[PDB]
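J.: Chains as they are written, first to last, in the deposited numbering: chain f, 9 to 45, 56 to 83; chain a, 347 to 395; chain e, 8 to 80.
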Amino acid sequence: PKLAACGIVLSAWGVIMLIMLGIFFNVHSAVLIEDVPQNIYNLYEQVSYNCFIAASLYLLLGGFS
Amino acid sequence: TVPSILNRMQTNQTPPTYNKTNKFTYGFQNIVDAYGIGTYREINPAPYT
Amino acid sequence: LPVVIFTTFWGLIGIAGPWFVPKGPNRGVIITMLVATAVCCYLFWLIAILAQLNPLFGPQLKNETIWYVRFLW
């Protein structure tokens, strides 16, 4: 009951927090240059591709719960 | 038919303190009174709190 | 300069604040709520823009962050 109830509020935060992480990495923000091992912008969008497919993966946990 | 009457006294007993309080300003009021409830007609810190 | 701009934009509440208040029983609390929000929040901004005004230091930056924001700013 509560493990089904705690999962939706984590997923509702998991879709809000990780989408904005996707948009902040799409705009190639200057504060986030620690996570990068015109060419450097493509690495930034790659992390935004990474974030979004985990932001969408929390929607599946919402329907399962 | 006989009325109940209300007589005001003039004692020197210390009156209690009371605060007008909404549902909003109730939590800020009893977080001041948890330390010490104020004297009669003292400056209430709870609007500034 | 925002210092001559924000002195009246946080000065609207607290001077024109008690001028437009409804006549309900919460007048002595909402005016206290509006004035103290104008005093605390504006002075919090005031002691932060004065710390950077006339400074003494410079940002010690990492070596990858020497040439990076030349393309970004």
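The C-beta atom is built at its ideal place from N, Cα and C for all residues, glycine as well.
Would residue 76 of chain f be called buried (16 or more neighbouring beta carbons within 10 Å of its own) or exposed?
T.: Locating residue 76 of chain f in the first sequence gives position 58, counting from the first residue. Residue 76 of chain f is buried by the Cβ-count criterion.
J.: Quick one: Cα of residue 48 of chain e to Cα of residue 65 of chain e, how far?
T.: As a position in the third sequence, residue 48 of chain e is number 41, starting the count at 1. As a position in the third sequence, residue 65 of chain e is number 58, starting the count at 1. If I take the Cα positions, the gap works out to 27 Å.
J.: Regarding residue 54 of chain e and the ligand SAM, is the C-beta to nearest heavy atom distance less than 6 Å?
T.: Looking at this structure, you won't find the ligand SAM or any other ligand, since it has none at all.
J.: In this structure, does DSSP put residue 18 of chain e in helix, strand or coil?
T.: Here the question's residue 18 of chain e lines up with position 11 in the third sequence. Reduced to three states, the DSSP call for residue 18 of chain e is coil.
J.: Considering only C-alpha positions, which residue in the set e:62, e:16, e:8 and e:11 is nearest to residue 46 of chain e?
T.: As a first step, residue 46 of chain e is located in the third sequence; it is residue number 39 there, counting from the start. Comparing Cα-Cα distances from residue 46 of chain e to each of e:62, e:16, e:8 and e:11, the minimum goes to e:16.
J.: DSSP three-state call for residue 74 of chain e: helix, strand or coil?
T.: By 1-based counting over the third sequence, the position of residue 74 of chain e is 67. DSSP places residue 74 of chain e in coil when its eight states are reduced to three.
J.: Going by the beta-carbon positions, is the gap between residue 15 of chain f and residue 83 of chain f smaller than 7 Å?
T.: Counted from its first residue, the first sequence places residue 15 of chain f at position 7. Counted from its first residue, the first sequence places residue 83 of chain f at position 65. Yes, the pair counts as a contact, with Cβ atoms nearer than the cut-off.
J.: Taking 8 Å as the threshold, find out whether the region 380-389 of chain a comes into contact with the region 32-41 of chain e through three or more Cβ pairs.
T.: Contact fails between the region 380-389 of chain a and the region 32-41 of chain e, because fewer than three Cβ pairs, one in each stretch, are under 8 Å apart.
J.: How should residue 33 of chain f be labelled, buried or exposed, when 16 other C-beta atoms within 10 angstroms of its C-beta is the threshold for buried?
T.: Here residue 33 of chain f refers to the residue found at position 25 when the first sequence is read from its first residue. Flag for residue 33 of chain f reads buried.
J.: Give me the chain f residues within the contact set of residue 79 of chain e, using Cβ-Cβ distance strictly less than 7 Å, ordered along the chain.
T.: Along the third sequence, one-based indexing puts residue 79 of chain e at 72. Within chain f, the residues near residue 79 of chain e are 38.
J.: What does the alpha-carbon distance come out to for the pair residue 9 of chain f and residue 75 of chain e?
T.: As a working note, residue 9 of chain f is residue 1 in the first sequence. As a working note, residue 75 of chain e is residue 68 in the third sequence. Using only the alpha carbons, I get a separation of about 50 Å.
J.: Quick one: which chain e residues come within Cβ less than 8 Å of residue 31 of chain f?
T.: Stepping through the first sequence from its first residue, residue 31 of chain f is reached at position 23. Under the 8 Å cutoff, chain e gives no residues; its nearest Cβ is about 17 Å from residue 31 of chain f.
J.: Is residue 38 of chain e near residue 29 of chain e, with beta carbons less than 7 Å apart?
T.: Translated into the one-based positions of the third sequence, residue 38 of chain e becomes position 31. Translated into the one-based positions of the third sequence, residue 29 of chain e becomes position 22. No. Outside cutoff.
J.: Closest to residue 374 of chain a by CA distance: which of a:350, a:361 and a:391 is it?
T.: Mapped onto the second sequence, residue 374 of chain a falls at position 28. Nearest option by C-alpha distance: a:391.
J.: Pull out every residue of the region 24-45 of chain e whose Cβ sits closer than 9 Å to any Cβ of chain a, in chain order.
T.: 32, 33, 35, 36, 39, 40 and 43
J.: Answer with buried or exposed for residue 394 of chain a, where buried requires no fewer than 16 other C-beta atoms within 10 angstroms of its C-beta.
T.: Translated into positions along the second sequence, residue 394 of chain a becomes position 48. Exposed, since its Cβ has fewer than 16 Cβ neighbours within 10 Å.
J.: If you check the beta carbons only, do residue 26 of chain f and residue 69 of chain f fall under 7 Å apart?
T.: Here residue 26 of chain f refers to the residue found at position 18 when the first sequence is read from its first residue. Here residue 69 of chain f refers to the residue found at position 51 when the first sequence is read from its first residue. Yes. Within cutoff.
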